[PDB]
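Scroll down for the structure; my scribbles are underneath it.
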Amino acid sequence: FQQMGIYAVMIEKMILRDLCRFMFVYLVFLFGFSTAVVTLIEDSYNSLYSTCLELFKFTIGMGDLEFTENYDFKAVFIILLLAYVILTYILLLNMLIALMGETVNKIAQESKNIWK
Amino acid sequence: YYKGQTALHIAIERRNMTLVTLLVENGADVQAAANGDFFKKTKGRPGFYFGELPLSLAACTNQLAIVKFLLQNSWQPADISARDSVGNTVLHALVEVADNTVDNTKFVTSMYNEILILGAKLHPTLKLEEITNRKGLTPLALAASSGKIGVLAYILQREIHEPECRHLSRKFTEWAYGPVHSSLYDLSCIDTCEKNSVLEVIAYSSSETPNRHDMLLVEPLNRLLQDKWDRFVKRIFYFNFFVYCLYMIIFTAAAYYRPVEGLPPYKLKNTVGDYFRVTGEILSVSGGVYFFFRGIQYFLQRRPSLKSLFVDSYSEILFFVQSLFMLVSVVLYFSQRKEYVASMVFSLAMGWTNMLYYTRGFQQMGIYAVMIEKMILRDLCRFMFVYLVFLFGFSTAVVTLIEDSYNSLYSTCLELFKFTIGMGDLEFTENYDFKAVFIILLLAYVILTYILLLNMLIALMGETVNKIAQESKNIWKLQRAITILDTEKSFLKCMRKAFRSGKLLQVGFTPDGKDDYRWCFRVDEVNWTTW
Amino acid sequence: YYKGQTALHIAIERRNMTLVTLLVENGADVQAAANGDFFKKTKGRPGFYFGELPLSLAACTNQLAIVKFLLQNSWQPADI
Ligand SMILES: CCCCCCCCCCCCC(=O)O[C@@H](COC(=O)CCC)COP(=O)(O)O[C@@H]1[C@H](O)[C@H](O)[C@H](O)[C@@H](O)[C@@H]1O
């Protein structure tokens, strides 16, 4: 199916390229701020797994910004979360769309040849 | 202003060969040290540089006849190697007058080549382009340091087809079969002049040079950097990356298992876990101070001053700031305070986000990392001014209105922030009257910010991506270049593997009877030109 | 490296048909099985592949006269 075959090939190429380029950066930022936050908040989460999850949730639009109160240094904790949200949800996710836009402009013609 | 003028400079300024000839025939002086402020350096005031020499004056004016005549007078000839009050000669003036336009580039190319050849034939025994000014710069070093890319491109690829006169040129041919041509580029003064090489003055430029990014694309440099990369630097850089990753893992582990008792320092226990932990803390602090001293070494060796720290060397600054946070953590640790964790935490966060520094070396990733750097500089200032303005406006309006639990500029700033990450409520309180006003404010805020401004951000990042497609490759090549130079420069083991394809002979015979060695670099090409 | 050389490929490399004519008239052999490492495949090292036949050199070099002459010698013609 020509019109759909091209689209499927574009998906294949963008999965190979941009979800290595993106995911290295994203996992680096996420792991960094996860380890920072879980280092800080130590009295129910208190766990690198649960904090990695809760910081993941800011990317799908369900972060809380007050997912615990069991800590001191509340200014530090908020600064970490705001820095994470700004660097990841606002910047990097939108840069992803911009770069996929440019790469789509690049592989307009390559895809037809790949499909053939 | 027109100080130290002479009629020779007037005639040459007027492009009158006859007046020049008469003035020489009338016994005019050669060493016209015209230091006129109108004809001095510092072109901020209107003026045109001559540098206290009629040869420079004729050459910058594209007057070949005057130049040759001055070099071949009967009454008194001119010596090209005469230097002005700054120490500049004709070549430094030739460099200065270029601006990398096409016709100016061709003019300076022609004039430079001819002047140099004439200097050689008049005094084959004496050198010219090795002569340095008070700052110690050759014409090559000068043209590099100021982004005179055209004349730099010329100088790096001088080739002469004339007997007994190839000694000036520097791009040679070892052999040339039908399609196969194997050239040799001289790398003298490229890796080291003992003061400042070409690469040093390019990569460590002051960032105001308008085209420093592209200067590394000129053929012998790019070939050279890539060769050095594959030779030994790639392994050292990957090793450094691996060591840094181990350091970050150790730091993460040592921090995560910190004890939760009061008031450090915490005395150790006999369990082996505490030995692992305290060794981890020691290694972490050691790494922190190590980066501190590398930062200081950068600052002392390069001495940037108040300008490049805003536009350049973000990586060195950020690694230094990590070191500062670690040190503050050590201080607060041993001052019997709990707050040390705050400092440690910040360091740890930066300790991971600086991992992106090591993306250079991986082409497809390095370009992406550079694009992130450029967007964080540009669009998250342009955006955040507007966004903070709207947010603060509607926050103060709403908190002004709703006053009976929030009743607070902080919590309302958060609640209005949440509309940007997709968790606003639209009914986050009911403690007010004027419900229509409150809803109108929130709907206006949501429309202006969540609907419009974020989507402006996406569109503009799109356009900037379209713009910086090519700039990023040049920036990345520069970052790899500065990495190579810094790795070579120290290396902490007293080895010099920077040398080129042997001390190859230039000709084995200069105009003088002695031989000559070049330190050439080979480049093989196969092409259907020259047929 | 330059194993199995004959002057025919020197003349042809130099694009001098006259020397080729002389060498053929002097009874130079055609099937010059030069296995020189300079003339093998894999041009990553400097080299120019023609494959153990001077006719290949002449054709590879855009020399129509040499190839026709080699194919139409009196002493010994070339076989493609
Ligand atoms: C609150 C707690 C959390 C705070 C986290 C902050 C994370 C910052 C984001 C990650 C930084 C990654 C990095 O490593 O920094 C990036 C630059 O990003 C930034 O500046 C962000 C500033 C803000 C690499 O840029 P780099 O310094 O290598 O290149 C320089 C220079 O070296 C070149 O010679 C010359 O061409 C210059 O034009 C330029 O190219």
Every pair of residues 6+ apart whose Cβ atoms lie under 9 Å, when the first sits in region A:57-74 and is more than 11 Å from every other protein chain (Cβ to nearest Cβ) while the second is part of a loop (DSSP other than H, G, I, E, B) and acidic (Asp, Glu): A:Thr68/A:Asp43; A:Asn70/A:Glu42; A:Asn70/A:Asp43
Considering residues of region B:142-189 that are of a type in the set (S, T, N, Q) and assigned to a strand (DSSP E or B) only, the residue nearest to the other protein chains (Cβ to nearest Cβ): B:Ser182
Which numbered condition B:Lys338 fails, given (1) within 30 Å of B:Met456 (Cα to Cα); (2) within 14 Å of another protein chain (Cβ to nearest Cβ): (1)
Count - residues of region C:8-33 that are more than 11 Å from every other protein chain (Cβ to nearest Cβ), under 15 Å from C:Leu70 (Cβ atoms) and assigned to a loop (DSSP other than H, G, I, E, B): 8
The one condition in (1) more than 25 Å from B:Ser206 (Cα to Cα); (2) within 13 Å of chain A (Cβ to nearest Cβ); (3) within 14 Å of the ligand (Cβ to nearest atom) that B:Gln322 fails to fulfil: (1)
Residue match in region B:359-371 (condition: under 30 Å from B:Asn431 (Cβ atoms) and either near the ligand (Cβ under 10 Å from one of its atoms) or in a helix (DSSP H, G or I) (or both)): no
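Table: residues versus (1) within 16 Å of B:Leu453 (Cβ to Cβ); (2) in contact with a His (Cβ under 9 Å, 6 or more places away or on another chain); (3) hydroxyl-bearing (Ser, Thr, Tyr).
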site: B:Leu356; (1), (2), (3): no, no, no
site: B:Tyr368; (1), (2), (3): no, no, yes
site: B:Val389; (1), (2), (3): yes, no, no
site: B:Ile402; (1), (2), (3): no, no, no
site: B:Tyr406; (1), (2), (3): no, no, yes
site: B:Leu416; (1), (2), (3): yes, no, no
Residue among B:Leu453, B:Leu457 that alone is under 21 Å from A:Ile90 (Cα atoms), within 9 Å of chain A (Cβ to nearest Cβ) and not basic (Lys, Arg): B:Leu457
Close pairs from region B:29-46: first of a type outside the set (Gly, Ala, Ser), partner surrounded by fewer than 14 Cβ atoms within 10 Å (Cβ to Cβ), Cβ under 6 Å, at least 6 apart: B:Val30/B:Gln76; B:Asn35/B:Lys3; B:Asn35/B:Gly4; B:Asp37/B:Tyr1; B:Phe38/B:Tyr1; B:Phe38/B:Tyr2
Residue check, B:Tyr410 within 11 Å of chain A (Cβ to nearest Cβ), in a helix (DSSP H, G or I) and surrounded by fewer than 16 Cβ atoms within 10 Å (Cβ to Cβ): yes
Given (1) within 14 Å of the ligand (Cβ to nearest atom); (2) away from every other protein chain (no Cβ under 14 Å), index of the condition B:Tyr290 fails: (1)
Residue list for region B:326-342, restricted to those being within 12 Å of the ligand (Cβ to nearest atom) and of a type outside the set (A, V, I, L, M): none
Candidates B:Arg258, B:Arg212 - the one that is within 14 Å of the ligand (Cβ to nearest atom) and either within 14 Å of another protein chain (Cβ to nearest Cβ) or crowded, with 16+ Cβ neighbours inside 10 Å (or both): B:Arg212
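All Cβ positions, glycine included, derive from the backbone under ideal geometry; neighbour counts span all protein chains shown. Where a number appears in this text, it was derived from the coordinates with a stated rule and is not lab data.
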